[PDB]
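Asks: Got a structure here, written out as structure tokens. Questions coming.
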Amino acid sequence: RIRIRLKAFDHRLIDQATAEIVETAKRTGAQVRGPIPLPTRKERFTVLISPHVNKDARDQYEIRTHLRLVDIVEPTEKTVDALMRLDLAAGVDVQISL
Amino acid sequence: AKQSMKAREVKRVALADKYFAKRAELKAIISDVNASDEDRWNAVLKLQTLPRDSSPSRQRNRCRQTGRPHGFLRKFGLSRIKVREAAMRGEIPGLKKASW
Amino acid sequence: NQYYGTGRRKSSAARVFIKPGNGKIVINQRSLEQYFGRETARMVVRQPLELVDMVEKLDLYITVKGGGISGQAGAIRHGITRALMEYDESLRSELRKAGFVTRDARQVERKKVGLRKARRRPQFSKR
Amino acid sequence: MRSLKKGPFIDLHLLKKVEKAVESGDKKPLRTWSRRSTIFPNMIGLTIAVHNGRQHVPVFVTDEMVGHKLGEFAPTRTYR
Amino acid sequence: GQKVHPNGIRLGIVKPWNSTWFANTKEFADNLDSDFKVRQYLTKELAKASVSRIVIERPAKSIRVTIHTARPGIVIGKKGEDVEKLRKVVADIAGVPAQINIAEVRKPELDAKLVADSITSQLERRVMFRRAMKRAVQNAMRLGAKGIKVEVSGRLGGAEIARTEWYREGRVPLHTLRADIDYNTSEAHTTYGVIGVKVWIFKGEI
Amino acid sequence: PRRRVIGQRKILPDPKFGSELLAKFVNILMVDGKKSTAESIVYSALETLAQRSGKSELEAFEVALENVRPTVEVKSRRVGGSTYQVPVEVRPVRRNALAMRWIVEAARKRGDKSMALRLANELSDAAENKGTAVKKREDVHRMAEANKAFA
RNA sequence: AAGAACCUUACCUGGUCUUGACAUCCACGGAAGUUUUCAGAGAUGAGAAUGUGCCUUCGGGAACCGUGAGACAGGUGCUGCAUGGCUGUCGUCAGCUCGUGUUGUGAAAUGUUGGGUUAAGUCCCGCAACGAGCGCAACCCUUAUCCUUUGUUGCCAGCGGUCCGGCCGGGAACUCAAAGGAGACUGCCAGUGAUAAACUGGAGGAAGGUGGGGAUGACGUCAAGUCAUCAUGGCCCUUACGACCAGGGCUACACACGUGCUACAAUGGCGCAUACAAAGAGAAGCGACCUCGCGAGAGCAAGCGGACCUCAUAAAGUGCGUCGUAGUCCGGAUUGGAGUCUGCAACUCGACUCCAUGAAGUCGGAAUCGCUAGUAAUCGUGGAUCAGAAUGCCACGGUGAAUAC
Ligand SMILES: [Mg+2]
Ligand SMILES: [Mg+2]
Ligand SMILES: [Mg+2]
Ligand SMILES: [Mg+2]
Ligand SMILES: [Mg+2]
Ligand SMILES: [Mg+2]
Ligand SMILES: [Mg+2]
Ligand SMILES: [Mg+2]
Ligand SMILES: [Mg+2]
Ligand SMILES: [Mg+2]
Ligand SMILES: [Mg+2]
Ligand SMILES: [Mg+2]
Ligand SMILES: [Mg+2]
Ligand SMILES: [Mg+2]
């Protein structure tokens with residue numbers, strides 16, 4: 001009944017947060033759906049390499065945005081109390097929709 | 001880049017949020033099919049009385065570290081050269097070299 | 001009950017179910033004749049079946065997603081050979097002897113910076 | 001103003017200036033730096049002077065010149 | 001000219017990132033700006049503290065700046081009487097509540113930024129660059145390293161024509177991606193012009 | 001090339017007759033990489049070739065090809081102030097794929113209305129040993145005799 | 001230059017300012033902020049009504065202005081032949097060197113040459129050389145197959161209800177999504193080979209000899225390019241070469257060159273009907289639905305910061321009909337009129353739509369360019385820049401060759 005979707009710039013870091021969230025859900029006792037990997041978004045940029053001419057020589061960059069979703073289904077009164085500020089990770093977005 | 005030009009951008013920013021976040025009715029509200037008397041003709045005439053600094057039309061959107069007018073990138077806010085100088089060093093998170 | 005094969009030719013992934021019975025083929029809730037129309041797209045589907053001469057023995061249920069005309073038609077030829085791979089076992093050597101088992105991994109390649117299309121450079125004039 | 005939905009355009013400074021002229025009719029040529037303004041039928045018979053970039057040239061108004069913008073009658077670049 | 005940033009091609013392979021925070025497309029160009037304004041001040045304020053690397057992260061609207069240095073006592077001082085003075089202005093610069101903690105680099109001669117820092121301070125102080133860059137190669141290697149290469153270019157010694165001189169000792173593989181190579185650069189604004197300094201230090205291969 | 005010798009690719013047979021020789025013909029005739037219309041012309045001209053003269057459709061093709069295959073062709077080598085064209089026998093694999101190129105190119109200069117009508121007319125001409133394709137084949141043969149003193 | 005109508009603009013004309021449009025100081029007096037009027041092309045000039053942020057400074061300091069004087073600010077001004085930093089290039093070519101030893105009086109040489117082999121100083125054997133480093137290869141990304149885990153906003157093999165729309169219960173099998181593993185190593189067999197490196201083939205395999213592509217560019221050359229991204233040594237203007245504003249120019253046209261789009265048609269034009277994609281973007285943003293308008297588009301206006309909402313109907317193709325080789329139902333320039341949308345503002349100088357007109361062009365002299373396989377050719381979609389404005393740039397897929405003696 002509440003969806004937690006996690007966004008990060010590296011897969012290994014996003015796994016650290018999704019691993020505890022099911023553990024906390026397992027600590028609630030049961031009834032976790034399991035993290036599901038949504039499709040990844042990748043923005044590719046192409047900036048020129050020189051301060052001047054030689055336009056034909058460029059550099060291509062890319063930023064990825066890995067995605068997860070756990071889909072908490074049973075909202076215990078102790079689930080809501082315990083699921084605030086327990087991500088233990090910096091640089092990971094959190095979004096909870098009721 | 002020529003600090004004179006950098007001062008223009010913030011003078012045009014200051015007069016952009018000052019007026020055209022509130023004085024937008026003349027160009028948006030009084031433009032459509034409504035009372036067609038001189039009040040619309042007043043709206044057209046009164047829109048020029050405001051200083052020349054309109055919201056979109058006079059913002060060059062230059063770089064934040066050098067003020068380079070060209071090669072801008074809206075996402076990072078730097079030019080095409082400072083992005084590679086705020087570099088692959090690691091200043092920009094999650095931005096690596098692409099190979100597909 | 002059913003036997004299965006995938007097929008993945010050129011960005012078009014199929015899925016084929018082979019049913020013993022008579023000879024009738026339905027693909028993506030349409031008949032074989034009307035879905036393709038191209039004579040090179042309704043025989044390439046048939047090519048694995050005619051080689052083993054079952055043709056009139058198998059009932060096929062098929063769903064194909066993505067790709068184009070010959071990409072999907074080639075993908076089905078792959079899946080059918082993979083479907084035949086499952087519920088008979090001694091048939092591999094003959095089936096592989098005529099292809100149909102190699103995935104044919106040939107995809108469209110990059111555009112590449114500095115190149116006009118994908119490998120074609122722009123016209124180069126010395127002076 | 002390049003649409004009937006918006007209406008024909010003239011600058012405020014020019015609009016008030018021409019209003020004073022017709023109040024007393026034809027007078028000394030009117031010097032103006034406006035070239036983006038249409039020509040209204042209220043200033044027929046005047047000799048307004050547009051500025052092409054270096055000098056003010058007097059353009060004589062006529063009934064025929066009533067839909068053309070002011071700058072049309074001042075060649076901005078010279079040639080032969 | 002024909003070489004890529006060795007610290008940059010290895011951003012996702014072995015070398016880490018110097019900024020680890022997330023932000024959607026709306027809050028990126030201004031998160032980056034506040035990153036640059038913090039880095040600009042901290043380098044200038046800690047000029048003689050031999051600061052190596054500044055890594056900035058922003059957990060939940062709260063900037064956390066971690067400074068790496070080989071002289072931690074200079075930075076914090078007597079029971080942190082100055083680190084708070086640094087924190088009290090980072091929030092001003094960034095607009096968010098900060099927490100600056102310090103990590104000590106116990107190899108001041110084995111860091112790329114520190115080595116390139118020391119041998120450009122020397123040039124500004126007018127020591128002959130052959131003595132400067134022959135020292136750094138030996139001092140790093142006798143302290144334990146599998147390779148080092150130091151490169152100095154510019155108007156060396158007041159010569160009217162620019163020249164590049166590089167000393168490489170040991171084994172420094174640049175094409176091998178997995179190698180753990182530390183690279184950095186600095187400058188020297190001498191009375192004659194500008195002198196550039198680069199240094200590669202190769203320590204591990206995994 | 002100069003270093004790597006290599007074989008040839010595998011050609012899928014045509015969907016109406018199952019002959020690789022006509023499978024190459026739809027490939028040679030095709031422009032812009034659209035086999036759909038390329039094969040549409042070939043069978044259309046092949047059908048009207050069978051009814052007009054000769055028997056079958058895959059047989060009237062092979063009879064026509066016999067009158068456009070060149071036995072000997074001239075290759076030119078540069079020696080001095082000019083070049084001498086030295087004749088050399090042509091291997092069979094090149095011979096088939098060369099006659100077909102002559103047939104199509106000569107059938108793109110016909111004055112008929114559509115390519116379907118042109119291709120069949122030239123193919124029928126070949127079996128009757130006339131046309132513009134067999135015109136080229138005789139010329140390539142004639143040049144060999146002229147320069148056979150340079151063999 | 002990843003996008004000059006004003007802006008950008010660094011240029012020109014004209015109108016103006018000076019410790020200044022931008023920063024740190026000293027003193028004086030004011031909370032700042034708000035509305036509006038007059039003169040002006042505008043900068044500005046002259047105002048008229050409106051106002052209070054911490055106390056132990058409360059009598060002034062800290063935020064914001066006005067003024068003064070002096071320190072100084074400012075320069076897209078000169079030298080890329082004084083420099084850093086960053087690039088092109090020979091060149092993805094297989095080379096460029098060192099320590100010790102030996103030879104030569106010596107510059108130097110040997111190692112690096114020689115027999116094969118390799119894409120490669122790659123590898124083996126010889127040899128006054130023995131070793132080492134920077135290069136090659138490998139480590140990296142993507143793609144080709146399989147296995148394990150999860151099943152929303154993705155999927156539907158088997159079940160029931162169907163307004164046969166995954167639509168609904170429902171399932172974790174299938175395509176797919178993204179995490180982790182298995183796989184390819186001349187691994188196995190025959191032959192050639194100096195019994196060696198390796199080579200030619202054979203089996204299995206999704207993949208066979210670095211499987212396809214990308215990233216990666218050694219010592220150095222051109223005192224190659226950039227003082228206009230930026231910084232910096234000198235030189236110079238400093239009531240000016242600094243700064244502000246309105247208009248114009250960067251779009252000028254007897255001509256010449258380069259890179260491209262459209263064509264010159266019948267393997268095509270037009271009309272009707274209808275299949276199949278991939279990747280990507282979105283908050284002063286993407287904008288369904290319905291109505292209106294011949295159309296660009298206008299109105300109300302859901303949904304979505306997103307595997308669901310929008311962009312977004314893909315096109316070449318297929319089926320039917322007509323045009324029968326004509327400057328033509330090919331071609332679409334040019335021009336007259338009528339409009340829509342951004343935008344203070346569309347004349348100089350925007351895009352697009354409606355009606356009419358219909359130019360050169362009927363396969364292009366010498367000469368010259370690209371391409372070896374999902375390649376050339378051909379057809380469409382997306383993105384960056386961006387209020388508006390690409391036939392360019394960057395990226396995706398569909399159809400898909402000929403030839404290598
Ligand atoms: Mg997206
Ligand atoms: Mg603009
Ligand atoms: Mg393509
Ligand atoms: Mg490079
Ligand atoms: Mg130079
Ligand atoms: Mg030069
Ligand atoms: Mg120059
Ligand atoms: Mg030598
Ligand atoms: Mg080697
Ligand atoms: Mg390599
Ligand atoms: Mg101006
Ligand atoms: Mg220009
Ligand atoms: Mg003509
Ligand atoms: Mg645009």
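Every chain in the structure tokens takes a letter, A first, then B, and so on in the order presented; its residues are numbered from 1, and the ligands are numbered from 1 following the presented order.
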Which residues of chain D are close to chain G, meaning at most 8 Å apart when you count only C-alpha atoms (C1' of nucleotides), and how do they look as an MDAnalysis selection string?

Replies: chainID D and resid 2:3 32:36 51:55 68:72 75:77

Asks: Keeping N, CA, C and O atoms, export the residues of the selection given above as a PDB file, in the first residue's frame.

Replies:
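Written output follows (selection-v1.pdb):
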```pdb
ATOM      1  N   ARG D   2       1.937  40.394 -35.243  1.00  0.00           N
ATOM      2  CA  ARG D   2       1.856  39.845 -36.595  1.00  0.00           C
ATOM      3  C   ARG D   2       0.755  38.785 -36.645  1.00  0.00           C
ATOM      4  O   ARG D   2       0.962  37.607 -36.926  1.00  0.00           O
ATOM      5  N   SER D   3      -0.447  39.237 -36.303  1.00  0.00           N
ATOM      6  CA  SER D   3      -1.643  38.407 -36.337  1.00  0.00           C
ATOM      7  C   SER D   3      -2.860  39.275 -36.061  1.00  0.00           C
ATOM      8  O   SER D   3      -2.792  40.200 -35.244  1.00  0.00           O
ATOM      9  N   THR D  32      12.515  60.168 -35.735  1.00  0.00           N
ATOM     10  CA  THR D  32      12.197  59.014 -34.909  1.00  0.00           C
ATOM     11  C   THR D  32      13.167  57.884 -35.217  1.00  0.00           C
ATOM     12  O   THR D  32      13.607  57.716 -36.357  1.00  0.00           O
ATOM     13  N   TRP D  33      13.496  57.112 -34.184  1.00  0.00           N
ATOM     14  CA  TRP D  33      14.356  55.945 -34.311  1.00  0.00           C
ATOM     15  C   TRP D  33      13.565  54.654 -34.420  1.00  0.00           C
ATOM     16  O   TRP D  33      14.152  53.571 -34.364  1.00  0.00           O
ATOM     17  N   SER D  34      12.251  54.742 -34.561  1.00  0.00           N
ATOM     18  CA  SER D  34      11.396  53.570 -34.615  1.00  0.00           C
ATOM     19  C   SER D  34      11.274  53.097 -36.055  1.00  0.00           C
ATOM     20  O   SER D  34      10.868  53.864 -36.932  1.00  0.00           O
ATOM     21  N   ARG D  35      11.620  51.839 -36.293  1.00  0.00           N
ATOM     22  CA  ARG D  35      11.424  51.222 -37.592  1.00  0.00           C
ATOM     23  C   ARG D  35      10.541  49.988 -37.536  1.00  0.00           C
ATOM     24  O   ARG D  35      10.167  49.470 -38.594  1.00  0.00           O
ATOM     25  N   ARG D  36      10.196  49.506 -36.348  1.00  0.00           N
ATOM     26  CA  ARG D  36       9.422  48.286 -36.194  1.00  0.00           C
ATOM     27  C   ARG D  36       7.926  48.535 -36.136  1.00  0.00           C
ATOM     28  O   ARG D  36       7.162  47.579 -35.972  1.00  0.00           O
ATOM     29  N   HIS D  51      15.496  56.555 -38.927  1.00  0.00           N
ATOM     30  CA  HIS D  51      16.945  56.497 -38.754  1.00  0.00           C
ATOM     31  C   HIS D  51      17.435  55.134 -39.223  1.00  0.00           C
ATOM     32  O   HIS D  51      17.173  54.119 -38.571  1.00  0.00           O
ATOM     33  N   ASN D  52      18.153  55.113 -40.344  1.00  0.00           N
ATOM     34  CA  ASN D  52      18.610  53.870 -40.948  1.00  0.00           C
ATOM     35  C   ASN D  52      19.881  53.325 -40.317  1.00  0.00           C
ATOM     36  O   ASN D  52      20.284  52.204 -40.640  1.00  0.00           O
ATOM     37  N   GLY D  53      20.521  54.083 -39.437  1.00  0.00           N
ATOM     38  CA  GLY D  53      21.738  53.622 -38.807  1.00  0.00           C
ATOM     39  C   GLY D  53      22.778  54.712 -38.690  1.00  0.00           C
ATOM     40  O   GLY D  53      23.590  54.702 -37.763  1.00  0.00           O
ATOM     41  N   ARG D  54      22.759  55.665 -39.620  1.00  0.00           N
ATOM     42  CA  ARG D  54      23.739  56.741 -39.597  1.00  0.00           C
ATOM     43  C   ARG D  54      23.083  58.106 -39.735  1.00  0.00           C
ATOM     44  O   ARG D  54      23.651  59.113 -39.301  1.00  0.00           O
ATOM     45  N   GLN D  55      21.899  58.160 -40.335  1.00  0.00           N
ATOM     46  CA  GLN D  55      21.259  59.438 -40.599  1.00  0.00           C
ATOM     47  C   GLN D  55      19.752  59.258 -40.591  1.00  0.00           C
ATOM     48  O   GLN D  55      19.237  58.146 -40.721  1.00  0.00           O
ATOM     49  N   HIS D  68       2.496  49.107 -44.528  1.00  0.00           N
ATOM     50  CA  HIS D  68       3.904  48.752 -44.489  1.00  0.00           C
ATOM     51  C   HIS D  68       4.560  49.369 -43.264  1.00  0.00           C
ATOM     52  O   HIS D  68       4.260  50.506 -42.897  1.00  0.00           O
ATOM     53  N   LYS D  69       5.457  48.613 -42.639  1.00  0.00           N
ATOM     54  CA  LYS D  69       6.150  49.104 -41.458  1.00  0.00           C
ATOM     55  C   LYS D  69       7.137  50.203 -41.832  1.00  0.00           C
ATOM     56  O   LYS D  69       7.617  50.279 -42.965  1.00  0.00           O
ATOM     57  N   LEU D  70       7.445  51.057 -40.852  1.00  0.00           N
ATOM     58  CA  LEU D  70       8.134  52.314 -41.139  1.00  0.00           C
ATOM     59  C   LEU D  70       9.493  52.088 -41.786  1.00  0.00           C
ATOM     60  O   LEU D  70       9.856  52.789 -42.737  1.00  0.00           O
ATOM     61  N   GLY D  71      10.260  51.120 -41.288  1.00  0.00           N
ATOM     62  CA  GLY D  71      11.615  50.922 -41.771  1.00  0.00           C
ATOM     63  C   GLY D  71      11.714  50.531 -43.230  1.00  0.00           C
ATOM     64  O   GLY D  71      12.808  50.614 -43.800  1.00  0.00           O
ATOM     65  N   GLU D  72      10.608  50.110 -43.846  1.00  0.00           N
ATOM     66  CA  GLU D  72      10.647  49.674 -45.237  1.00  0.00           C
ATOM     67  C   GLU D  72      11.170  50.762 -46.162  1.00  0.00           C
ATOM     68  O   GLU D  72      11.738  50.459 -47.216  1.00  0.00           O
ATOM     69  N   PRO D  75      16.519  52.557 -46.953  1.00  0.00           N
ATOM     70  CA  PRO D  75      17.564  51.572 -47.266  1.00  0.00           C
ATOM     71  C   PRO D  75      18.703  51.630 -46.260  1.00  0.00           C
ATOM     72  O   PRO D  75      19.413  52.631 -46.154  1.00  0.00           O
ATOM     73  N   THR D  76      18.878  50.532 -45.526  1.00  0.00           N
ATOM     74  CA  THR D  76      19.848  50.500 -44.439  1.00  0.00           C
ATOM     75  C   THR D  76      21.271  50.269 -44.923  1.00  0.00           C
ATOM     76  O   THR D  76      22.216  50.689 -44.249  1.00  0.00           O
ATOM     77  N   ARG D  77      21.454  49.606 -46.064  1.00  0.00           N
ATOM     78  CA  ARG D  77      22.783  49.342 -46.595  1.00  0.00           C
ATOM     79  C   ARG D  77      22.886  49.881 -48.013  1.00  0.00           C
ATOM     80  O   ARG D  77      21.992  49.657 -48.834  1.00  0.00           O
TER      81      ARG D  77
END
```

Asks: Please find the residues contacting ligand 7 at a distance of at most 12 Å between atoms, with only C-alpha atoms (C1' of nucleotides) and all ligand atoms counted, and report them as a list in words.

Replies: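 What falls inside 12 Å of ligand 7 is residues 79, 80, 81, 224, 225, 226 and 227 of chain G.
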
Asks: Residues as selected, N, CA, C and O atoms (P, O5', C5', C4', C3', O3' and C1' of nucleotides), written as a PDB file, in the first residue's frame, can you do that?

Replies:
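What landed in out.pdb:
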```pdb
ATOM      1  P     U G  79      48.735  39.719 -31.976  1.00  0.00           P
ATOM      2  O5'   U G  79      50.119  39.272 -31.337  1.00  0.00           O
ATOM      3  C5'   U G  79      51.352  39.678 -31.907  1.00  0.00           C
ATOM      4  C4'   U G  79      52.510  39.267 -31.039  1.00  0.00           C
ATOM      5  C3'   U G  79      52.558  37.800 -30.673  1.00  0.00           C
ATOM      6  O3'   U G  79      53.105  37.007 -31.706  1.00  0.00           O
ATOM      7  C1'   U G  79      52.940  39.106 -28.748  1.00  0.00           C
ATOM      8  P     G G  80      52.233  35.826 -32.337  1.00  0.00           P
ATOM      9  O5'   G G  80      51.593  35.131 -31.061  1.00  0.00           O
ATOM     10  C5'   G G  80      50.770  33.985 -31.197  1.00  0.00           C
ATOM     11  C4'   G G  80      51.392  32.784 -30.541  1.00  0.00           C
ATOM     12  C3'   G G  80      51.290  31.494 -31.343  1.00  0.00           C
ATOM     13  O3'   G G  80      52.424  30.686 -31.046  1.00  0.00           O
ATOM     14  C1'   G G  80      50.197  31.212 -29.289  1.00  0.00           C
ATOM     15  P     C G  81      53.409  30.199 -32.212  1.00  0.00           P
ATOM     16  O5'   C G  81      54.752  31.002 -31.931  1.00  0.00           O
ATOM     17  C5'   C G  81      55.341  30.996 -30.638  1.00  0.00           C
ATOM     18  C4'   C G  81      56.323  32.127 -30.454  1.00  0.00           C
ATOM     19  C3'   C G  81      55.809  33.520 -30.803  1.00  0.00           C
ATOM     20  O3'   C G  81      56.405  34.464 -29.916  1.00  0.00           O
ATOM     21  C1'   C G  81      57.728  33.058 -32.071  1.00  0.00           C
ATOM     22  P     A G 224      54.472  26.571 -34.127  1.00  0.00           P
ATOM     23  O5'   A G 224      53.413  25.746 -34.977  1.00  0.00           O
ATOM     24  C5'   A G 224      53.379  25.818 -36.392  1.00  0.00           C
ATOM     25  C4'   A G 224      52.163  25.108 -36.927  1.00  0.00           C
ATOM     26  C3'   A G 224      50.846  25.539 -36.305  1.00  0.00           C
ATOM     27  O3'   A G 224      50.294  26.664 -36.958  1.00  0.00           O
ATOM     28  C1'   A G 224      51.020  23.194 -36.215  1.00  0.00           C
ATOM     29  P     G G 225      50.046  28.028 -36.159  1.00  0.00           P
ATOM     30  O5'   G G 225      48.686  27.755 -35.384  1.00  0.00           O
ATOM     31  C5'   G G 225      47.545  27.295 -36.090  1.00  0.00           C
ATOM     32  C4'   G G 225      46.349  27.155 -35.188  1.00  0.00           C
ATOM     33  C3'   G G 225      46.318  28.067 -33.979  1.00  0.00           C
ATOM     34  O3'   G G 225      45.841  29.359 -34.296  1.00  0.00           O
ATOM     35  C1'   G G 225      45.764  25.865 -33.332  1.00  0.00           C
ATOM     36  P     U G 226      46.425  30.640 -33.538  1.00  0.00           P
ATOM     37  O5'   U G 226      45.578  30.709 -32.194  1.00  0.00           O
ATOM     38  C5'   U G 226      44.190  30.991 -32.213  1.00  0.00           C
ATOM     39  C4'   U G 226      43.502  30.444 -30.990  1.00  0.00           C
ATOM     40  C3'   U G 226      43.901  31.070 -29.667  1.00  0.00           C
ATOM     41  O3'   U G 226      43.190  32.265 -29.411  1.00  0.00           O
ATOM     42  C1'   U G 226      43.890  28.706 -29.477  1.00  0.00           C
ATOM     43  P     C G 227      43.909  33.692 -29.550  1.00  0.00           P
ATOM     44  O5'   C G 227      43.785  34.320 -28.098  1.00  0.00           O
ATOM     45  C5'   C G 227      44.333  33.645 -26.973  1.00  0.00           C
ATOM     46  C4'   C G 227      44.369  34.530 -25.754  1.00  0.00           C
ATOM     47  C3'   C G 227      44.334  36.023 -26.045  1.00  0.00           C
ATOM     48  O3'   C G 227      43.695  36.697 -24.962  1.00  0.00           O
ATOM     49  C1'   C G 227      46.379  35.472 -24.994  1.00  0.00           C
TER      50        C G 227
END
```

Asks: With only C-alpha atoms (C1' of nucleotides) as the counted atoms, please give the residues lying no more than 7 Å from residue A:79, apart from itself and same-chain residues fewer than 4 positions off, as JSON, numbers by chain.

Replies: {"A": [28, 75, 83]}

Asks: Generate a file of the selected residues that holds N, CA and C atoms, formatted as a PDB file, in the first residue's frame.

Replies:
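The resulting file, again_30.pdb, is reproduced below:
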```pdb
ATOM      1  N   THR A  28       9.946  -6.810  10.358  1.00  0.00           N
ATOM      2  CA  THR A  28       8.529  -6.672  10.669  1.00  0.00           C
ATOM      3  C   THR A  28       7.830  -8.022  10.713  1.00  0.00           C
ATOM      4  N   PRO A  75       0.862  -2.116   5.732  1.00  0.00           N
ATOM      5  CA  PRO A  75       1.319  -0.983   6.564  1.00  0.00           C
ATOM      6  C   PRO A  75       1.028  -1.114   8.062  1.00  0.00           C
ATOM      7  N   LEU A  83      10.329   3.011   9.377  1.00  0.00           N
ATOM      8  CA  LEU A  83      10.830   3.204   8.020  1.00  0.00           C
ATOM      9  C   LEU A  83      11.127   4.658   7.701  1.00  0.00           C
TER      10      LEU A  83
END
```

Asks: Between A:70, A:36, A:80, A:48, which has the minimum distance to chain G (counting only C-alpha atoms (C1' of nucleotides))?

Replies: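 Smallest distance to chain G is found for A:36.
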
Asks: Based on the backbone DSSP call, show me all residues of chain C assigned alpha helix (DSSP H), as JSON, numbers by chain.

Replies: {"C": [32, 33, 34, 35, 47, 48, 49, 50, 51, 52, 69, 70, 71, 72, 73, 74, 75, 76, 77, 78, 79, 80, 81, 82, 83, 84, 85, 86, 87, 92, 93, 94, 95, 96]}

Asks: To one decimal place in Å, what is the distance between atom CA of residue E:164 and atom CA of residue E:198?

Replies: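 About the pair atom CA of residue E:164 and atom CA of residue E:198: they are 11.0 Å apart.
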
Asks: So how far away is atom CA of residue D:65 from atom CA of residue D:23, in Å?

Replies: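 Atom-to-atom, atom CA of residue D:23 to atom CA of residue D:65, that is 21.3 Å.
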
Asks: Taking only C-alpha atoms (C1' of nucleotides) into account and nothing else, which residues of chain A lie no more than 10 Å away from chain G? Please answer as a PyMOL selection string.

Replies: chain A and resi 3+11-12+15+33-57+60+66-71
